[PDB]
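>>> sequence and experimental coordinates follow.
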There are 12 protein chains.
Amino acid sequence: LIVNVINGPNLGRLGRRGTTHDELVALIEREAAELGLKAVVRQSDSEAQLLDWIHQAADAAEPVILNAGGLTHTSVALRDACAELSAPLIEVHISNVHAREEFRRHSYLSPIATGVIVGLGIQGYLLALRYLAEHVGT
Amino acid sequence: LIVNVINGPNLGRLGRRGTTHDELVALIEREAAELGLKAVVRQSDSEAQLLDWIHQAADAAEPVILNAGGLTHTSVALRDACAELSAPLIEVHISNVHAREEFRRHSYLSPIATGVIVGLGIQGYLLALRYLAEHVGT
Amino acid sequence: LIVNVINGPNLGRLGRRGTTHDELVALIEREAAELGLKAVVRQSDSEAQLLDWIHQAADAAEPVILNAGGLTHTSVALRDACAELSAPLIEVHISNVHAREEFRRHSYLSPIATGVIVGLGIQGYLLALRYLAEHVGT
Amino acid sequence: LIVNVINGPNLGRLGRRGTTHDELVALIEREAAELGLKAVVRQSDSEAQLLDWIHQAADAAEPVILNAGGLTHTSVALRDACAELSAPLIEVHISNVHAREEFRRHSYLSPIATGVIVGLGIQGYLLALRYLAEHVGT
Amino acid sequence: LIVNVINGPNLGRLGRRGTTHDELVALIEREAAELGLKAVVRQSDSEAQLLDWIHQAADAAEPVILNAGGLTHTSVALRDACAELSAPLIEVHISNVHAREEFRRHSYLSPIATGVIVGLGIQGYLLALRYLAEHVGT
Amino acid sequence: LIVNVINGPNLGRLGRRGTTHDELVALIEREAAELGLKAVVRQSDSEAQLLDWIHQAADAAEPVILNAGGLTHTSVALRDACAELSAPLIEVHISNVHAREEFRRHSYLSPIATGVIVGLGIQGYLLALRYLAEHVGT
Amino acid sequence: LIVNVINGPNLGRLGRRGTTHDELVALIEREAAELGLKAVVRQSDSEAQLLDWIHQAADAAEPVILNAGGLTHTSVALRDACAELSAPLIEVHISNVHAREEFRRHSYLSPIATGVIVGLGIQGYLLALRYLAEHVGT
Amino acid sequence: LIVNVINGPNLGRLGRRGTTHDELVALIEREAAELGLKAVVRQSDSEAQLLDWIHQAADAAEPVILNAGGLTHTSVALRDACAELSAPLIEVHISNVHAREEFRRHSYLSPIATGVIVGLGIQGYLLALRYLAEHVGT
Amino acid sequence: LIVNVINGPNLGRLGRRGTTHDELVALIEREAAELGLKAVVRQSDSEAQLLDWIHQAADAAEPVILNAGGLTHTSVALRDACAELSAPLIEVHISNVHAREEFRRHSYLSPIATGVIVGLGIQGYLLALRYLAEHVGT
Amino acid sequence: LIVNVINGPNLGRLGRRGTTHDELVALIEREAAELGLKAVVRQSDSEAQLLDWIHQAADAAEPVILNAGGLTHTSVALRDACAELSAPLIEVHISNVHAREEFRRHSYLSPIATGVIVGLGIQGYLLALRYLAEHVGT
Amino acid sequence: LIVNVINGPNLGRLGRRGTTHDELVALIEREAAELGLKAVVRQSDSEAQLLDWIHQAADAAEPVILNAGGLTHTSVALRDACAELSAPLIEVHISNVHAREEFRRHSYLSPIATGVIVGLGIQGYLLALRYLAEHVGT
Amino acid sequence: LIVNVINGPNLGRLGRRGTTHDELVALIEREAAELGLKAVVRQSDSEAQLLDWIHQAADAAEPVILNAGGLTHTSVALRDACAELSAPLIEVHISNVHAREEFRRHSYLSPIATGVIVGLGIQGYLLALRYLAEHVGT
């Protein structure tokens, strides 16, 4: 039912870094409604704020779709907060992080996530939602 | 319209390594029909045979969804055949290859692929199909 | 006399990640009183806030007992703030950080700390207090 | 005309870590006036706040002189915000970061910066200003 | 009740390498009595002799406080003997082994030990005793 | 008063590798006069000749501004000659050596230099002169 | 009862690369009969064919003695097929693979095998058979 | 007299990956006739087939000119087959394999080959033929 | 005729670390008699004692079967003593040392040994004896 | 028409390090005449002199065949001079530099060269000439 | 006056591993007498015994000439004992340890020794004695 | 009889970098006369000049004592010239090159030299002479 979509540093800049972050929210919220879900979309440049949203999902046992931006590669604290989630965690990157700098090919999140989607654009979010909708059966 | 789904070594063993490879074919072909696509699903344990199917997709300019199994980590020849594709190439792994041995966290295919889906089970294939259906607009 | 105990990201979650962070505060404050000390215990998920508490200890020349959580492994800025302390700095980890992932076996703090205690549970804090009480003689 | 000088974690402590951060501001603002520029000097220990000031410079197409302190070595998110700048970005370190610990000899910022000045003291800032003044001709 | 304190190569030289090894024994034995324990303190420069004392602790299921000196960094055989202990094993270093040569920052013992204390001087031994006294409850 | 500017291999080719090496000399000598200095500018493709000019600066206790070209990355002998200088040594690169090949991001000179300027064009030389002029006070 | 002996690339060349591959088959089949076993010996230069023989042993729950030749060092796909075996897998090399090139000292098979024999010549096969005969008791 | 030219995976695609593989055969066979040689040109995407052609050259003691494509970088089995050749082995790459990805700069074949030609286009084959013609004297 | 079986540190603990070291001796001595050999079995936790037994085998030109325990991974001195043996040296490990910690996958002994057996239990010793019995012909 | 053949350190010693450097010059000059070219052959042990000959080829836009001897592996300055050539640059080694020490398998020149010939003896020079003659058509 | 010459594991085997260890003692003792010194020569295969002889030299402030055999490369404990010497410590190897295996090119002793002699045979000892005789002046 | 002592870059600066290079020559020439030798001492900052002196020693089959200064660590060309010497080559460093920067602990010369002396001051030269005098017997 409730799915949390959390975006990390710089993702507020989408469209100027053409879909904007507001349009992304709209797209996600339409998809989720079609799927029978309710998406809660949040973005912050602040690690502490991302931690607090992860903590809340942990306490509520709600899935998470996380695009942690550069913190993917660098934050053990984020990793550790994510390891507490009991529900599914799907890591998303809009670009293909394996076609860029070598340092972007290591993620602290992937090993603890249920799965990862990269390179498929903003549609990656939508596809993550669909996994979570079809992974509510038994 | 036509999408090629190619499975590499050991993927014929699905279900005993519970969905079998035949059931996977059936699932993919139903999804593709719903999406308005036609999926051609092939599996081989032979690198040379996988190369030939990639070559054919290159000549036809048809997208590919590739689960290369262990060859993901080891074959430069497969990589090189894939670099010739002009249409989208989506790399899929059923399990989360970042939660296993360290050697599975390097892929020769990811850098040249449009994107990658891992850890989402057999549904990863279906989600790759949906990207390709929504990425036929302009 | 005054000792600062500072806890970093995720340590507010103790007990659910059975002793809670409030119980830890209580335990530390009882020990410190028995030892003739006054413990000031603070926790934050925010690097900037941890920096400010370190800066204050530097200006006051008061010892610090620091459990920096994941920032131990990743923050040069925290390290650098800690290098300004003139009083003792004791690094504490509740779990044995050498029995986990390889990345947890490198600390930016250990080289600049007076000493380090790991693996001894919440009692590590209490033992750090006792060092500081017996290291006030000449 | 407008140049942004942004200082990262611990730089507020200058003089006690003998020129203070206020004196640095004064020195920069006098130099800039002599050069015909207007310097806006900001300092924060908070990554999110540094990101926001970088974002603003990106939107305004104004140059930046950045001393990111320890975040130089560790933040991909800062790097990524900086990659959006269209105007010049000059990385400054007061000390010679190549004469210290080995870990300080890798910067995530240098590859994306116009240039870098290290080891020349607070005068590094002033010299960065002069580059920007003479790099306004055609 | 019985705790074994075992010191490895060069620790017989304490005080001239100002507390001597005899004074250390005395200090440990007074602390242990205060705690209600009985400490058995042994030192040898001989790996085979250290192995035999570890084997005996294994057979008796008695805790160990071990300062293995240079063998910490180099002996797989010592590690392997220690892995047989069922009771707690606390690794102690008098100096901060992370503030010295890089090679001293890897220990074969830490991963298999209950916990580790470094940098706190001879008081590290005493603090290890206190852990073991308070870790005899249920 | 006297400052030595020494250029290493290939720097004689400036402008064709648009400012030529003669124009650089002229620019440096005008700046230096404005600053009250006297610049002596030399260029050679010969390591032995660069060594001899460094030796002379060492004997005279005169500062050096050095652009060692490729020898920056490869010559321990140059490094060692430079370590004898008692006056300031400022390393200069016209391009940003951190935005190119990985091998150019290690310099044998930086650790022993007072500071380093890279990426600021030929103006880097001029800025190095200004440091040296303002670093003649007490 | 049935044991599979599978030889990989180049092993058909034994004797000319003095025992030939046919003589090896004969030697193995005589030993196995003496032991009360039935050995099925197969050799191929084709990875896909080796995979198929491993798959068959997996389905039948029969032990395997495998000399994978160069594929030992390079094939993740072979490894993965072997991980499905429930019966014992004994890796054999005729020469001592640790006395040659460094690259031959890493095997993808050893970690998943029951055990490994190297350097003992063709007798290694025979000794592997004897393990399997004495490892059929309870 | 007889020289074998063997091409590995993907080389059948020459011209579309403008000279085609058939034209290459024609060019090689004309050159060889001019030189007094007889060239036998073979191409396969199958490692096992390449092995068999190498084995045949070994048994006949005929030289080989080998373009192993991606298998250059990855196959120990190919290497090992090649080590059996008594006649000259010349490794050829049409492109400069040192101007591409880092992984292409290591070859398992070069150390065992007589020599290597890269970057000289299809003419590399022809030049390899000429070496072999002039290396038939005493 | 005479074969030396030497066991290193911790191997005296077999059965409690269910076959004991005495039972191993008995098993080896029965096998050897069946084979027409005489086995001399020795175990020590002391490197110097192992060295002396290796030296004696060197002087007598008698084969050795060596299980050096942790010293396999760490002792150059043991290696060097073993390099003097003229008769066969067979390295044995009871467990599969490639299925454990990464550090156990490097042996100083393997490169100088005739061959190695790992993972086959105590039967590895017996199989080593059989090699030595069948390797006494011409 | 004009091709420059430049030989680096130690190549003057050919024949005693049986063809001498004078005979090499003669062989090259005969080949070049047969091909319709004019070869200018130079050798020096001095990096600065090699640089000057490269600079001259750059200014004249003439091809170069370069055997830089040990400087291949070590000189960034030589590399950088070579990067200025607009005409073809063919790297030659007489021996197979991949069959020797590991350090000889990295070249600073190969990535910037048109192609490389190694292991083919002095005939490598002659083959490089032939490439350049047939690469003068359109 | 008194110089200690200490030999480590395997050095008792000199001559059979043609000068024997007794002849070495004789040679050293004749040289030392000629120089006006008194040499005390000791050899052991036991680390603990070598430690005790180093400890004694430390307490007496007598120089040491040490050939630690394989322990050079592996013992931190030996290193640490040696760091206590106040008089000169000269490391000797009879063979050139840089012309052998790569692992022999790292010594734990060299960094703490006054100097090192390798490759000069048994005469290395004699030359070490001569240094110590001429290094007794002021 | 004739021994060549060759000094590389910066060694002309001895005494100011208290024995000067002229005094070193005098000391060497007195020692050599006492030993019955004739020493020829040369120093240059020029690699090409050092090469020429090595070449001459090669042609004459005369020993060499070489202090190559920084070129020890960096020149493959020097190494290669030295490999041609048939007479002994003794590498000398005045300081202990293993007690300084890590990069000084790798020498291109040591593996090809007869032996090496470091850390023994200018007396190292004299001791090298004595080896060569006593290594003229049979």
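Noted; the coordinates are in hand. Numbers count the residues shown, from 1 in each chain, chains lettered A, B, ... in the order given.
>>> now do the helices in chain A.
A:21-35, A:47-60, A:71-74, A:76-83, A:123-134 (DSSP state H).
>>> what are the buried residues along the longest one?
Read it as helix A:21-35. By neighbour count on 16 or more other CB atoms under 10 Å in any protein chain shown, the buried set for helix A:21-35 is A:21, A:24, A:25, A:27, A:28, A:29, A:31, A:32, A:35. Just so you know, the C-beta spots here come from the backbone N, C-alpha and C atoms, and that holds for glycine as well.
>>> could you list the residues of chain A in contact with chain C?
On the criterion CB under 8 Å from any CB of the partner chain, chain C has as its neighbours in chain A the residues A:46-48, A:51-52, A:55, A:58-59, A:74-81, A:84.
>>> among those, name the buried ones.
Buried members of the residues of chain A next to chain C, scored by 16+ other CB under 10 Å, are A:46-48, A:51-52, A:55, A:58, A:74-81, A:84.
>>> which ones, among those, also lie beside chain L?
Okay, of those, nothing touches chain L (CB under 8 Å from any CB).
>>> which two from these end up farthest apart in space?
Spatial extent of those (CB to CB) is set by the pair A:58 and A:74 at 21.2 Å.
>>> any idea which residue is closest to the centre of chain A?
Centroid-nearest residue in chain A: residue A:66, 1.7 Å away (criterion: CA atoms, centre = their mean).
>>> in contact with it, which residues?
By CB atoms under 8 Å, 6 or more residues apart in numbering or on different chains, residue A:66 lies in contact with A:5, A:6, A:8, A:54, A:82, A:89, A:90, A:91, A:92, A:109, A:113.
>>> and the closest residue to chain K within chain A, how many neighbours?
In chain A, no residue comes nearer to chain K than residue A:102, which is 26.9 Å away by CB to the nearest CB. Neighbour count for residue A:102, taken as other CB atoms under 10 Å in any protein chain shown: 10.
>>> now do the same contact list for it.
Residue A:102 makes no contacts at all, as judged by CB under 8 Å, 6+ apart.
>>> ok, now how distant is it from residue A:73?
11 Å (CB to CB, to the nearest Å).
>>> then residue A:8?
Residue A:8 sits 11 Å away from residue A:73 when distances are taken as CB to CB.
>>> now the residue in chain A positioned nearest to chain I: how far from chain L?
Nearest to chain I, among the residues of chain A, is residue A:111, at 17.4 Å (CB to the nearest CB). Going from residue A:111 to chain L by CB to the nearest CB, to the nearest Å gives 33 Å.
>>> quick one: contacts for the residue of chain A most remote from its centre?
Within chain A, the residue lying farthest from the chain centre (CA atoms, centre = their mean) is residue A:138, at 24.4 Å. Under the criterion of CB under 8 Å, 6+ apart, residue A:138 has no neighbours.
>>> and the gap between it and residue A:130?
Distance from residue A:138 to residue A:130, by CB to CB: 18 Å.
>>> now residue A:45
According to CB to CB, residue A:45 and residue A:130 sit 28 Å apart.
>>> could you report the distance from the spatially closest residue to residue A:96 that is not a sequence neighbour to chain J?
Leaving aside its chain neighbours, residue A:96 sits nearest to residue A:119 (3.3 Å; criterion: CB to CB, 6 or more residues apart in numbering or on different chains). Distance, residue A:119 to chain J, using CB to the nearest CB: 28 Å.
>>> same question, residue A:105
Counting by CB to the nearest CB - residue A:105 and chain J are separated by 22 Å.
>>> how near is the residue of chain A found nearest chain E to residue E:116?
Chain E sits closest to residue A:76 of chain A, with a gap of 17.9 Å, by CB to the nearest CB. Residue A:76 sits 20 Å away from residue E:116, going by CB to CB.
>>> tell me who's in contact with residue A:72.
Residues in contact with residue A:72 (CB under 8 Å, 6+ apart) are A:8, A:91, A:93, A:97, A:107, A:108, A:109, D:76.
>>> so which of those sit within strands?
Among those, the members found in strands (DSSP state E) are A:91, A:93.
>>> got a list of what residue A:129 touches?
By CB under 8 Å, 6+ apart, the residues touching residue A:129 are A:3, A:28, A:31, A:32, A:35, A:37, A:39, A:65.
>>> quick one: the residue in chain A that chain H sits nearest to from residue A:70, how far?
Nearest to chain H, among the residues of chain A, is residue A:102, at 9.6 Å (CB to the nearest CB). Here residue A:102 is placed at a distance of 15 Å from residue A:70 (CB to CB).
>>> return the residues in contact with residue A:71.
Counting by CB under 8 Å, 6+ apart, residue A:71 makes contact with A:8, A:9, A:47, A:50, A:78, D:76, D:77.
>>> again, 10 Å this time
Shown in contact with residue A:71 (CB atoms under 10 Å, 6 or more residues apart in numbering or on different chains): A:8-10, A:45, A:47, A:50, A:77-79, A:108-109, D:47, D:75-77.
>>> what's the nearest residue to residue A:116 if we skip its chain neighbours?
Distances taken as CB to CB, 6+ apart put residue A:91 closest to residue A:116, at 4.2 Å, once the chain neighbours are dropped.
>>> quick check: that neighbour touching residue A:125?
No: with contact defined as CB atoms under 10 Å, residue A:91 does not reach residue A:125; the gap is 11.4 Å.
>>> overlap in contacts of these two?
Counting by CB under 10 Å, 6+ apart, the contacts common to residue A:91 and residue A:125 are A:65, A:67, A:117.
>>> can you get me a residue count around the second one?
I take that to be residue A:67. Counted with other CB under 10 Å, the neighbours of residue A:67 add up to 26.
>>> ok, it - contacts?
The contact partners of residue A:67, taken as CB under 10 Å, 6+ apart, are A:5-8, A:10-11, A:14, A:24, A:43, A:90-94, A:117-118, A:122, A:124-125, A:128.
>>> touching stretch A:24-42 from outside, list them.
For stretch A:24-42, using CB under 10 Å, 6+ apart, the contacting residues are A:1-7, A:11, A:14-15, A:19-22, A:43, A:49-50, A:52-53, A:56-57, A:62-63, A:65, A:67, A:94, A:122-123, A:125-130, A:132-134, A:136.
>>> for chain F, what is the nearest residue in chain A?
Of all residues in chain A, residue A:102 sits closest to chain F, at 9.6 Å by CB to the nearest CB.
>>> who in chain A is up against chain D?
A:8-10, A:12-13, A:16-17, A:44-49, A:68-75, A:101, A:103-104 (CB under 10 Å from any CB of the partner chain).
>>> residue A:130 contacts residue B:117, doesn't it?
No: with contacts counted by CB under 10 Å, residue A:130 stays clear of residue B:117, the gap being 11.5 Å.
>>> ok, those two, which is more surrounded?
Neighbour comparison, residue A:130 and residue B:117: the larger count goes to residue B:117, with 30 against 19 (by other CB under 10 Å).
>>> quick check: the more buried one touching residue A:118?
Yes: counting by CB under 10 Å, residue B:117 sits close enough to residue A:118 to count as a contact (8.2 Å).
>>> which neighbours do those two share?
Taking CB under 10 Å, 6+ apart as the contact rule, residue B:117 and residue A:118 both touch A:124, B:91.
>>> torsion angles phi and psi at the residue lying closest to residue A:121 once chain neighbours are set aside?
Leaving out its chain neighbours, the residue that sits closest to residue A:121 by CB to CB, 6+ apart is residue A:94, at 5.7 Å. Main-chain dihedrals, residue A:94, degrees, to the nearest 10: phi -70, psi -50.
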